[PDB]
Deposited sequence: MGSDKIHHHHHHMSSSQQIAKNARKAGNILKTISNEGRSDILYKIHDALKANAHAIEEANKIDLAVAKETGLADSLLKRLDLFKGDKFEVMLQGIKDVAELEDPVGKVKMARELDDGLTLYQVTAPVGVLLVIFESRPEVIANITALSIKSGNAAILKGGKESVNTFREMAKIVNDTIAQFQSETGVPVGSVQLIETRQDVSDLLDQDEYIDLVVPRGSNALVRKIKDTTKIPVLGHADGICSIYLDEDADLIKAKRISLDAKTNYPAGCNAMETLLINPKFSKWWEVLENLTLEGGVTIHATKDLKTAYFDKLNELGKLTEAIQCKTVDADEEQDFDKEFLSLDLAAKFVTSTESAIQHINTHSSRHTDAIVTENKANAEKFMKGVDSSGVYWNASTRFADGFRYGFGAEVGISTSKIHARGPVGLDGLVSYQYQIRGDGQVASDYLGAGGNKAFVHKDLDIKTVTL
């Protein structure tokens, strides 16, 4: 049997295999038509975005995301339309020779740009994405699947209709097939399992979204080759070591880090406060940990302004872990390609941690850092060898 997400991903692969062979004039042309269709329907899009903003205001939405949601504030919409033209006007990203090497007489190797394949784009609260990604995908010869959050449902619906319709309407003229771009109108998380068909995930949102995607997928994530890296600060963590090791994981960077803290580790809060007011690090705490951290600070009078604003470059999450076994369990839920560290003076715990974790690399009392959207990440490479009958048996 074929699931909904499987069929979506399969159709994307089929669409991409046609899209990759369509001329630049055909791929650029559909972008001009789409620009025109979006402009001609601006008023309908604006009304749908108006429903979205007002719905978000009346429910729980943070004034930051709310400002990202407004497509018609200032000249946001006009810039988005302009970006479609800018992209359509670029030189063909595909079929460019990056490297040519004469291997032997009449035997030449080329490295040629080619589409990545199929893109899954997951965004939250920024409707501009639909236009930017549709443009970049068709231009670069990639099929795309787009999934937005609840906040833009109305704007997403209207824009999807216009792109779907325009692609259908101009297929015979442009060559660009229906399905080149599929805009998923909440019909699932099974898409992240389709790594036989999907080549790249492009996340457009918060750090929390990236972390969630990383843990639920084997498809490469644009800009994030590594999984979440954890430091477990054990009950018997040395505090000086715990402070230096944990700070060093910041001052080295585009990486996703979790601090796993044993509550029985004495002065564990001095470690978080040392990260904030010495490394300028923002700490994304779980509710129960933040409530415990703030109480210890307020009891000491040390709950300064500089802590309150930086407790919710580098990510850094922090949560409790009440034993070595619990730290292991937490670590073993992360999608692989991550390193992990334990800070402890207890050898029985260190050895248990190192035997227990699913990790490429594991550190005991040493820093994990000892381990050595545009068209950018949307084109890959194909090698082509063009000879005249040469075989691997030459003298």
Margin query: Comparing the deposited sequence with the modelled residues, which stretches have no C-alpha coordinates?
Written below: 1-11, 199-200, 266-269, 330-342, 403-424, 448-468
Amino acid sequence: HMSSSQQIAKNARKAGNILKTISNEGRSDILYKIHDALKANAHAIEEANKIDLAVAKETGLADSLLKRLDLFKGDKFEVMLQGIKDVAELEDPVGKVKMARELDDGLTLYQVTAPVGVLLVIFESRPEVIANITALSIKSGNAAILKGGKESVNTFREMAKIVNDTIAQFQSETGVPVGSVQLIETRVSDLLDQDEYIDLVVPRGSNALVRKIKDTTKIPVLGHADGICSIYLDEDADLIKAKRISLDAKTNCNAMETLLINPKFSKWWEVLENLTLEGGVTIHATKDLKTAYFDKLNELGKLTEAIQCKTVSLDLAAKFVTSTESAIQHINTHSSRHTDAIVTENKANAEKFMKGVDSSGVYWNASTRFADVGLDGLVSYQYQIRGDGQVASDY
From here on, numbers count along this sequence of modelled residues.
Check: Where do the C-alpha atoms have the higher mean temperature factor in this entry, in 236-244 or in 223-231?
Finding: 223-231
Next item on the list: Could you settle it for me: does 95-103 or 301-309 have the higher average Cα B factor in the PDB entry?
Entry: 301-309
Notebook entry, point to check: If you compare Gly117, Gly205, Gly83, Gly179, which has the highest Cα B-factor in the entry?
Noted result: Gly205
Next item on the list: For the C-alpha B-factor as written in the entry, point me to the maximum among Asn41, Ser64, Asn349, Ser326.
Entry: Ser64
Next item on the list: Ordered by C-alpha B-factor within the chain, which third holds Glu46? Give me lowest, middle or highest, please.
Entry: lowest
Margin query: Quick check on the deposited entry: does the C-alpha B-factor of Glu58 sit in the lowest, middle or highest third of its chain?
Written below: highest
Check: If you rank the chain by CA B-factor, which third does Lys355 end up in: lowest, middle or highest?
Finding: middle
Next item on the list: Taking the chain's C-alpha temperature factors as the reference, tell me which third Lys214 falls into: lowest, middle or highest.
Entry: highest
Note to self: Using the temperature factors of the C-alpha atoms in this entry, rank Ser140 within its chain: lowest, middle or highest third.
What the structure shows: lowest
